[PDB]
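Remarks on the overall topology
Below, each chain spelled out in residue letters.
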Amino acid sequence: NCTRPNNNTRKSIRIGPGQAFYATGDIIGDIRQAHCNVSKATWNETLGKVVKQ
Amino acid sequence: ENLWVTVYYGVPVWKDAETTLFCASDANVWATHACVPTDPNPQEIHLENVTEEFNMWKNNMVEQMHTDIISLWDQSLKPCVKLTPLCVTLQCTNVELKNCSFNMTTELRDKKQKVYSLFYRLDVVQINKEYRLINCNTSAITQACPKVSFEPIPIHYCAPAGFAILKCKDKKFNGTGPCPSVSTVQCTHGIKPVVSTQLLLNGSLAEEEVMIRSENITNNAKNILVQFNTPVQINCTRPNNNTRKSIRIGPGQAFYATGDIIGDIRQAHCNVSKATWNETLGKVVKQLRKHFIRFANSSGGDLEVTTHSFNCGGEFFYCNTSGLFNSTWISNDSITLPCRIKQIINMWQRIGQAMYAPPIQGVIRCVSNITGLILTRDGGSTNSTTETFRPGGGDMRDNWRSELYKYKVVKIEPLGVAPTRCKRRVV
Amino acid sequence: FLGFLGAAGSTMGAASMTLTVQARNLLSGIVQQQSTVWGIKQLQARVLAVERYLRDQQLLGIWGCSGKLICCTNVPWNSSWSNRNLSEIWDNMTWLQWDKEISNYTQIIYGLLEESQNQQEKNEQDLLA
Amino acid sequence: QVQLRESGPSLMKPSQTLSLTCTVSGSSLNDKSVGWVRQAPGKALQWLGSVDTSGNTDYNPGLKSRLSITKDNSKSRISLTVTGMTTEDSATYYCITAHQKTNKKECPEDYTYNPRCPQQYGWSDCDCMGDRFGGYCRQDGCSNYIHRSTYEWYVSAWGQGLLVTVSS
Amino acid sequence: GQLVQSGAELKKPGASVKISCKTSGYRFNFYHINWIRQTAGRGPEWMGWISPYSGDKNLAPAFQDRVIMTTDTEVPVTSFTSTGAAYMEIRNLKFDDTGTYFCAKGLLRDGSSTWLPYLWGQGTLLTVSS
Amino acid sequence: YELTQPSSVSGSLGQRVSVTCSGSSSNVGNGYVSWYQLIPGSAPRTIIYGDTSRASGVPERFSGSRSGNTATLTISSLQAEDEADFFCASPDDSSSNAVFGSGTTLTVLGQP
Ligand SMILES: *[C@@H]1O[C@H](CO)[C@@H](O[C@@H]2O[C@H](CO)[C@@H](O[C@@H]3O[C@H](CO[C@H]4O[C@H](CO[C@H]5O[C@H](CO)[C@@H](O)[C@H](O)[C@@H]5O)[C@@H](O)[C@H](O[C@H]5O[C@H](CO)[C@@H](O)[C@H](O)[C@@H]5O)[C@@H]4O)[C@@H](O)[C@H](O[C@H]4O[C@H](CO)[C@@H](O)[C@H](O)[C@@H]4O)[C@@H]3O)[C@H](O)[C@H]2NC(C)=O)[C@H](O)[C@H]1NC(C)=O
Ligand SMILES: *[C@@H]1O[C@H](CO)[C@@H](O[C@@H]2O[C@H](CO)[C@@H](O[C@@H]3O[C@H](CO[C@H]4O[C@H](CO)[C@@H](O)[C@H](O)[C@@H]4O)[C@@H](O)[C@H](O[C@H]4O[C@H](CO)[C@@H](O)[C@H](O)[C@@H]4O)[C@@H]3O)[C@H](O)[C@H]2NC(C)=O)[C@H](O)[C@H]1NC(C)=O
Ligand SMILES: *[C@@H]1O[C@H](CO)[C@@H](O[C@@H]2O[C@H](CO)[C@@H](O[C@@H]3O[C@H](CO[C@H]4O[C@H](CO)[C@@H](O)[C@H](O)[C@@H]4O)[C@@H](O)[C@H](O[C@H]4O[C@H](CO)[C@@H](O)[C@H](O)[C@@H]4O)[C@@H]3O)[C@H](O)[C@H]2NC(C)=O)[C@H](O)[C@H]1NC(C)=O
Ligand SMILES: *[C@@H]1O[C@H](CO)[C@@H](O[C@@H]2O[C@H](CO)[C@@H](O[C@@H]3O[C@H](CO[C@H]4O[C@H](CO)[C@@H](O)[C@H](O)[C@@H]4O)[C@@H](O)[C@H](O[C@H]4O[C@H](CO)[C@@H](O)[C@H](O)[C@@H]4O)[C@@H]3O)[C@H](O)[C@H]2NC(C)=O)[C@H](O)[C@H]1NC(C)=O
Ligand SMILES: *[C@@H]1O[C@H](CO)[C@@H](O[C@@H]2O[C@H](CO)[C@@H](O[C@@H]3O[C@H](CO[C@H]4O[C@H](CO)[C@@H](O)[C@H](O)[C@@H]4O)[C@@H](O)[C@H](O[C@H]4O[C@H](CO)[C@@H](O)[C@H](O)[C@@H]4O)[C@@H]3O)[C@H](O)[C@H]2NC(C)=O)[C@H](O)[C@H]1NC(C)=O
Ligand SMILES: *[C@@H]1O[C@H](CO)[C@@H](O[C@@H]2O[C@H](CO)[C@@H](O[C@@H]3O[C@H](CO[C@H]4O[C@H](CO)[C@@H](O)[C@H](O)[C@@H]4O)[C@@H](O)[C@H](O)[C@@H]3O)[C@H](O)[C@H]2NC(C)=O)[C@H](O)[C@H]1NC(C)=O
Ligand SMILES: *[C@@H]1O[C@H](CO)[C@@H](O[C@@H]2O[C@H](CO)[C@@H](O[C@@H]3O[C@H](CO[C@H]4O[C@H](CO)[C@@H](O)[C@H](O)[C@@H]4O)[C@@H](O)[C@H](O)[C@@H]3O)[C@H](O)[C@H]2NC(C)=O)[C@H](O)[C@H]1NC(C)=O
Ligand SMILES: *[C@@H]1O[C@H](CO)[C@@H](O[C@@H]2O[C@H](CO)[C@@H](O[C@@H]3O[C@H](CO[C@H]4O[C@H](CO)[C@@H](O)[C@H](O)[C@@H]4O)[C@@H](O)[C@H](O)[C@@H]3O)[C@H](O)[C@H]2NC(C)=O)[C@H](O)[C@H]1NC(C)=O
Ligand SMILES: *[C@@H]1O[C@H](CO)[C@@H](O[C@@H]2O[C@H](CO)[C@@H](O[C@@H]3O[C@H](CO)[C@@H](O)[C@H](O)[C@@H]3O)[C@H](O)[C@H]2NC(C)=O)[C@H](O)[C@H]1NC(C)=O
Ligand SMILES: *[C@@H]1O[C@H](CO)[C@@H](O[C@@H]2O[C@H](CO)[C@@H](O[C@@H]3O[C@H](CO)[C@@H](O)[C@H](O)[C@@H]3O)[C@H](O)[C@H]2NC(C)=O)[C@H](O)[C@H]1NC(C)=O
Ligand SMILES: *[C@@H]1O[C@H](CO)[C@@H](O[C@@H]2O[C@H](CO)[C@@H](O[C@@H]3O[C@H](CO)[C@@H](O)[C@H](O)[C@@H]3O)[C@H](O)[C@H]2NC(C)=O)[C@H](O)[C@H]1NC(C)=O
Ligand SMILES: *[C@@H]1O[C@H](CO)[C@@H](O[C@@H]2O[C@H](CO)[C@@H](O)[C@H](O)[C@H]2NC(C)=O)[C@H](O)[C@H]1NC(C)=O
Ligand SMILES: *[C@@H]1O[C@H](CO)[C@@H](O)[C@H](O)[C@H]1NC(C)=O
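The record lists X-ray crystallography as the method behind this PDB entry and 4.084 Å as its resolution.

By the naming in the PDB entry, chain F goes by Fab NC-Cow1 light chain and is assigned to Homo sapiens. According to its PDB record, this entry is titled "Crystal structure of bovine Fab NC-Cow1 in complex with HIV-1 BG505 SOSIP.664, and human Fabs 35022 and PGT128".

Some remarks on the packing of aromatic side chains
Going through the model one piece at a time under the given rule, you end up with 27 aromatic pairs over all chains. Measuring from centroid to centroid gives 6.2 Å for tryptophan 46 of chain E and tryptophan 115 of chain E, while their planes differ by 55°, and the two rings are tilted. Residue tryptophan 46 of chain E is found in strand β5 (residues 43-50), and its partner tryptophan 115 of chain E is found in the loop between β10 (99-105) and β11 (119-120); the two are separated by 69 residues along the sequence. For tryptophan 46 of chain E, a relative accessible area of 29% puts it in the partly exposed group. Exposure remark for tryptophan 115 of chain E: the relative accessible area of 35% places this residue in the partly exposed category. Through a chain of ring-to-ring contacts, three or more aromatic side chains come together here, namely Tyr94, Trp153 and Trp158 of chain D together with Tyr36 and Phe100 of chain F. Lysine 245 of chain B extends its terminal NZ or CZ atom over the ring of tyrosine 116 of chain B, reaching a point 3.2 Å from the ring centre.

Here we look at the site of ligand 1
Neighbouring ligand 1 are 17 residues, the closest being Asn49 of chain B, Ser10 of chain C together with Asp56, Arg109 and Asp110 of chain E. Taken together, the residues near ligand 1 originate from chains B, C and E. At a separation of 2.8 Å, an oxygen atom of ligand 1 approaches a polar side-chain atom of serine 10 of chain C. Between ligand 1 and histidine 32 of chain E there is a distance of 3.0 Å, counted from an oxygen atom to a side-chain nitrogen or oxygen. Protein chains bury 41% of the 1400 Å² of accessible surface belonging to ligand 1 in isolation. Within the shell around ligand 1, the residues separate by chemical class into three nonpolar, nine polar and five charged.

Concerning the interface of chain C and chain B
If you look at the interface, chain C gives 63 residues, while chain B gives 54 residues. Counting the surface lost from both chain C and chain B, the interface buries some 5400 Å², and carbon and sulfur atoms represent 70% of this. The tally of links between chain C and chain B comes to two salt bridges. The closest approach of N and O atoms between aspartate 68 of chain B and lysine 41 of chain C, which form a salt bridge, is 2.8 Å. One can count 16 residue pairs in polar contact joining chain C with chain B. Elements with a minimum of two residues in the side of chain C that touches chain B: α1 (12-16), α2 (19-24), α3 (37-61), β1 (70-76), α4 (86-92), α5 (95-102) and α6 (106-126) of chain C. Residue composition of the side of chain C that touches chain B, by class: 41 nonpolar, 16 polar and six charged. Note: strand β1 (residues 4-9) of chain B against β1 of chain C, four bridges, orientation antiparallel. Across the sheet, the residue bridging to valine 7 of chain B is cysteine 71 of chain C, located in β1 of chain C.

Some remarks on the sheet that holds strand β5 (residues 45-47) of chain B
Residues and elements named next belong to chain B. Reading across from one edge, β2-β31-β13-β15-β5 is the order of the five strands in this open sheet, with antiparallel pairing throughout. Each of the sheet's edge strands pairs with one partner strand only, and the pair in question is β2 (14-16) and β5. Each adjacent strand pair in this sheet contributes to an overall mean axis angle of 40°, direction not counted. Here β5 runs beside strand β15 (residues 182-185); their pairing, made up of three bridges, is antiparallel. Bridged to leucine 47 within β15 is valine 182.

Remarks on the interface of chain B and chain D
Taken together, the 27 residues of chain B in the interface contact 14 residues of chain D. Summed over the three residues of chain B that lose the most area to chain D, namely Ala221, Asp302 and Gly394 of chain B, the buried surface amounts to 29% of that side. In this structure, the connection of chain B to chain D is made through 11 residue pairs in polar contact. No other element matches helix α3 (residues 303-306) of chain B, which puts three residues into the side of chain B that touches chain D.

Regarding the layout of surface pockets
In this model, the second largest pocket occupies a volume close to 1200 Å³. Lining the second largest pocket are 44 residues, with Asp39, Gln186 and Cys187 of chain B together with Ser28 and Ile30 of chain C positioned closest to its centre. Breaking the lining of the second largest pocket down by element, the ones donating at least two residues are β4 (36-37), β13 (163-168) and β15 of chain B together with α3 of chain C. Considering every element that reaches the lining of the second largest pocket, the biggest residue donor is α3 of chain C, with six residues.

Section: the packing of helix α1 (residues 60-77) of chain B against α3 of chain C
For the pair α1 of chain B and α3 of chain C, the least separation of the axes is 10 Å and the interaxial angle reads 140°. When the interaxial angle is binned, α1 of chain B and α3 of chain C end up oblique. Residue-level contacts link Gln64, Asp68, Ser71 and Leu72 of chain B of α1 of chain B to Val37, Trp38 and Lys41 of chain C of α3 of chain C. For the contact of α1 of chain B with α3 of chain C, a count of residues per class yields three nonpolar, two polar and two charged.

Cut-offs applied
- Residues numbered from 1 in each chain as written, not as in the entry; some residues may be left out.
- Chains lettered and ligands numbered in written order.
- Part of a larger assembly, values for the part shown.
- Heavy atoms only, no water.
- Residues with missing side-chain atoms left out of burial classes, pairs and counts.
- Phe/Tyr/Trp six-rings, centres within 6.5 Å; stacked < 30°, edge-to-face > 60°.
- Helix = DSSP H or I, 4+ residues; strand = E, 2+ residues; numbered from the N terminus.
- Buried < 20%, exposed > 50% of the residue type's maximum accessible area, 1.4 Å probe, protein only.
- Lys NZ or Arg CZ within 6 Å of the ring centre and 35° of its normal.
- Near = heavy atom within 4 Å.
- Polar contact = N/O pair within 3.5 Å; in protein donor to acceptor, adjacent residues only side chain to side chain.
- Areas by Shrake-Rupley, 256 points an atom, 1.4 Å probe, with all protein chains shown as cover.
- Nonpolar A, V, L, I, M, F, W, Y, C, P; charged D, E, K, R; others polar.
- Contact = heavy atoms within 4.5 Å.
- Buried area = accessible area lost by both parts, 1.4 Å probe.
- Salt bridge = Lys/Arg side-chain N within 4 Å of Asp/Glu carboxyl O.
- Pairing = 2+ DSSP bridges.
- Axes fitted to C-alpha atoms, helices over the stretch in contact; angles between N-to-C directions.
- 1 Å grid on protein atoms, 1.4 Å probe; cavity = no way out; pocket = protein on both sides within 12 Å on 5 of 7 lines; lining within 4 Å.
- Points joined across faces, edges and corners; volume = space filled by probe spheres on them.
- Parallel < 35°, antiparallel > 145°, perpendicular 65-115°, else oblique.

As structure tokens, this is what we get:
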């Protein structure tokens, strides 16, 4: 499971006729970096079968 | 009395099919480049005893033509000069039309120039005097090349080998239904891709009576197509004697500004003979009453769809049709209609980009056959009391249906199996 | 002579005597000067025509009829396909309503044809001493 | 032709938990949901809860905490759990199947959502624009959304019901 | 297909009467429309036929000068069926003309018996009396 | 929440009666009220749904209507078999959350 917890916001700023840049607005919420969890039990079983092969 | 199957190749069997059609021309970037020149003599082969169902509203030739015109429009606009830098802040004064001075990049990157151009009111909007082109905050803009012409020339839609086009030759033929008299052709007649709204221009005329064609008459949401038996004549002129000023805005790039007006301060217009239009309107209300009466204008906000929009000589006209649609019927003196002009148009700015129609030097005047109309009912009131009709030109596909109504695409299935008393020679 | 598809409304026999016009005018060849959207179209259509033609010729050959037009088979006409006698079929219906009436059972007839021809060819292989 | 069969206990002691089952046989659904309604003697019907085909469950907000609904597709049953049974809960409990459908706001046929028209010209009841106007706004093509209720619900089948008495 | 003839008419001798024959369920333009009569005294008698497609008519010599056969143009229904109408007007009625009149659709589009009456209508009873 | 109904109503054979069902915008006002008949003894029978749509087998003399936040069940040509407790109901903000009325009892007088 992979999550980016930061609640970012998109700011559309017009930089010419038609062109529009999507800037990152101020953060809403926590100051946490994205991460991924993997069940240690299942990963230990899988790693065991890996080292067997 | 003993029957065996026997194979027949080349049986007159066809099935309804949608395929990728191709163009044909002979006499203008859109169709003169076209494809393969048409055959010197086309073969229209009448099919005796044959009755085939047509449906102009479920026709794929319409959608094909629509996407083809769109793609051709983009292919012809791509190489031309895009006026992205012309979005400089404009300082404008009165001469409707406004004299606008603005800075512009020269050829050398460091140098700038102050030039002036004439702009119609529709092209510019004010912000806080200072002005900008209306498109600059919605989309980019590109200028149509001056050489390419917007004059519609006939384009023949053709079916590939192994396929065929069926053409209904029934004079009184409704839009959809069984056609008792059918002939087959490889290519349609010369169809001019006239871009128009409300009234139809340069189409083909129905023989005998004028034709009213809808997808559902009683449904207000479905438009109403009208095809004349007699063409009315409409003369459209832009009397202003404009001048073209080529100002260089970079290496190779050149913007075509509108110089000072020469001549009268008159707005473009179109006359239509009142006698002929009264006859045509009478025959129209007679064919309207065959299924059922006043006519009123449509008022819906977008100028390019509320007005008879079209292109003439390279300028895009938008016409007040109020003189034609102020009537009530219970069974030369030519009317004149005012037309405004736009050089910035967005029929697909969101799909792609906008187009700046270059100014046309001198006075403009084109004569057009008005062959058809596009109408719409109001919202259903107290039933059968009174019926009101306002003109619309909501979509361009209805024009293709207006000229593709008689054609239909089929694929040949030349494989027939039938029983005869025949067996092959025994081994 | 009536032209391409001229006998579409005719009786099946009247059209059957002149199937060759429709069969011949099935393949064109419309040169070029495309040297573009139009070019993509013309190239794509080019393929489909001879593609359908070659599919039909493939079917003709895998039925023992690569010589085209008119050929007979060893497959008996199962009455379940259509119950009409010969006069009715050949002098009362056109090919269009015929193919409408038999479209339910066309592929079964095609399979019977291919299998009868394959058995004939196996017999030919057996046919030497 | 839907058949519903209730099963479960007939007698609870005070504060015991009541577990009931409803077995649906001969399903003939169309979306819909299966649930439970109750009626205490001399009192009005009180909707309790339901579960729909997508797995979403819902409960009478005033009683959710004492209620629990599960399903089992293999046995083609659903269950009901009612904690803290008092004399108030002695009642007839009906298993039901109900037609549930949320209708989003939709334009009438041959019309398409076009907010530009009211945004820039200010018209009322013109959220939908006639498709015949190819993305252009015409006042002659205006129309509101399909007039209909936002929410559709009614009981389409009733089970015979099961009586539950709470007594020492 | 169904052939529906007009109902019945009573006419005085010396008068004229016009019987109609409206068709449906088949291509009216393709099959000939025959007119045949039945009286108690002379039995069945073939009167004539007409082609809805070409307008060609063939009248028996006994009715060539007092019977007028006409057809309308077929009204398409789908592609393989249509509705149509044929008329037969018989004049100078006599007592021996009292009987039942039939219109009938032909047998085959081609062959040795194209006009042969195959599909018959319900008949129209004509009474000549004072 | 409970929709407001009168405790009881009654009427004699060969007459018309009506039952009111008062709620709010979030239930009755949504415009999809349903009506249900509970005859003491038999199992409940669905009678009206979607304000006006009659269930299968429900005769015409059972009519459902609605004005705003008040739904109405009209019963004409009263018969002895109509005596029963009648409940209205409606979704409440949710198409799965349902609310019932307090119920109204119909008695029929003047029987043989
Ligand atoms: C489209 O559909 C239509 C309708 O289905 C279809 O027309 C049918 O076509 C089939 C065959 O193609 C026809 O069947 C054949 O009919 C032939 C014509 O019949 C002759 O007899 C008529 C009666 O003649 C008497 O009366 C006249 C006076 O009126 C008198 O002078 C005569 O001496 C005689 O006493 C006659 O009127 C008729 O004339 C018409 O046609 C001729 C051309 O032939 C034309 O010149 C006339 O002006 C008039 O229009 C005609 O002369 C008949 O000959 C034929 O029988 C022979 O051929 C078959 C093989 O086909 C042999 O098996 C047979 O043994 C004979 O040798 C056959 O019966 C049918 O009658 C048509 N009409 C229907 C069905 O209603 C079209 O063909 C279709 N077209 C397409 C392209 O699909
Ligand atoms: C990847 O790994 C990260 C951590 O490394 C996980 O992040 C956690 O996610 C869980 C959700 O499953 C969060 O759990 C929340 O805990 C709240 C507090 O509970 C603490 O306190 C009690 C009592 O002191 C302890 O018993 C308990 O163990 C905890 O220590 C709860 O209040 C939350 O409940 C919510 O739901 C209920 C019911 O709906 C509401 O009534 C509550 O008010 C509340 O809203 C919730 O259970 C936990 O906080 C997260 N940790 C961090 C550090 O963020 C990821 O879940 C995991 N998986 C991914 C990312 O996919
Ligand atoms: C061509 O255009 C006309 C325009 O008038 C259309 O005719 C109308 O079509 C609509 C539906 O498309 C009809 O409205 C519906 O009527 C249903 C009952 O139909 C029968 O009863 C009427 C009246 O007696 C008969 O005329 C008709 O022939 C039928 O026998 C109602 O049940 C409908 O209500 C249900 O659907 C709507 C949504 O559509 C919901 O809002 C309702 O709550 C309910 O669920 C609906 O009212 C209308 O009656 C037609 N007009 C007339 C004058 O009859 C044609 O349909 C159109 N052609 C095609 C092919 O679309
Ligand atoms: C669409 O409708 C507009 C008007 O709504 C038309 O515009 C008119 O066009 C005509 C041309 O056909 C113009 O006519 C010109 O009139 C001049 C003056 O004549 C007036 O005075 C005499 C005497 O007082 C009156 O009898 C007469 O009726 C007029 O009232 C003429 O002098 C012009 O003649 C020219 O040609 C001759 C011979 O070549 C020369 O010798 C002359 O010197 C002169 O150059 C001419 O006939 C009229 O002025 C226009 N009106 C306006 C308001 O501009 C459009 O023609 C019409 N059709 C379109 C646009 O296609
Ligand atoms: C409906 O259909 C009609 C019929 O086709 C169209 O009418 C055509 O309108 C176009 C304008 O868009 C006309 O084209 C222009 O004609 C002008 C007048 O031509 C006169 O002068 C030439 C000189 O060679 C004579 O040969 C001719 O006989 C006339 O006496 C020209 O000045 C224009 O030339 C400019 O454009 C062309 C093409 O881009 C360039 O090659 C030139 O160098 C020059 O810059 C142009 O030719 C056309 O003549 C009209 N046709 C007819 C038959 O009248 C309608 O426009 C159409 N409706 C719509 C809405 O498009
Ligand atoms: C990554 O995210 C996944 C979700 O997208 C995680 O999978 C989920 O893991 C939780 C446990 O952490 C599971 O919850 C379990 O559910 C079972 C069964 O619930 C059903 O039965 C009970 C009665 O026992 C009933 O009350 C419920 O309503 C259900 O009908 C419980 O028995 C367990 O105790 C536990 O609560 C989720 O079910 C599971 N998701 C799915 C779809 O199965 C996954 O663990 C995450 N991985 C990592 C590494 O973070
Ligand atoms: C739109 O513009 C069209 C022109 O492009 C207009 O059509 C023209 O209309 C005028 C009338 O306003 C016609 O002029 C007529 O000509 C006839 C015939 O002239 C010939 O015969 C005379 C002898 O009688 C001879 O002297 C001449 O040299 C000619 O040989 C006259 O009899 C009439 O009185 C009248 O003058 C034009 O002929 C006509 N153009 C064409 C090509 O026919 C059209 O009316 C305009 N429509 C609108 C709504 O403005
Ligand atoms: C950025 O690009 C946008 C494209 O989507 C531009 O939006 C459109 O801009 C035009 C003119 O530039 C507007 O047309 C005007 O609309 C008003 C509306 O009138 C009503 O409102 C006023 C004040 O709100 C009120 O006082 C009146 O009584 C009316 O009730 C008309 O009055 C004008 O005559 C004119 O037609 C479009 O409305 C506008 N559309 C939208 C969706 O915004 C936008 O202008 C561009 N930005 C800038 C700064 O020009
Ligand atoms: C990134 O930097 C920019 C500017 O350096 C930050 O924008 C500034 O945000 C503050 C609020 O934290 C603004 O202050 C408020 O502005 C309003 C404007 O009307 C004023 O009325 C209030 O009284 C208050 O002063 C400030 O205006 C705004 N801009 C500038 C130039 O300072 C932005 O918040 C920074 N992002 C993060 C994530 O820190
Ligand atoms: C649109 O505006 C521009 C400028 O705002 C106008 O251009 C100006 O036109 C006048 C003539 O009306 C010029 O005056 C003359 O200029 C020559 C240049 O050598 C001078 O020698 C004469 O003595 C006389 O002053 C003027 O120079 C010119 N430019 C400017 C900056 O004023 C243009 O005419 C306007 N267009 C319309 C249709 O009014
Ligand atoms: C079709 O006809 C309608 C009328 O049914 C036209 O709308 C009307 O156009 C006239 C222009 O002559 C407007 O009169 C003017 O209105 C302005 C409004 O600011 C006023 O200041 C003027 O003094 C003058 O009275 C009239 O108000 C207007 N009415 C409505 C309801 O729109 C319409 O323009 C015509 N459209 C087409 C495409 O033919
Ligand atoms: C176009 O004309 C055809 C007839 O050629 C119309 O078809 C009829 O439509 C009505 C429906 O109002 C049916 O009851 C008839 O049975 C149809 N006739 C046939 C022969 O199919 C068709 O409705 C017309 N289309 C429009 C939009 O008016
Ligand atoms: C003919 O068709 C019927 C029905 O499709 C089938 O049962 C039978 O096997 C076929 N062959 C025969 C009768 O030889």
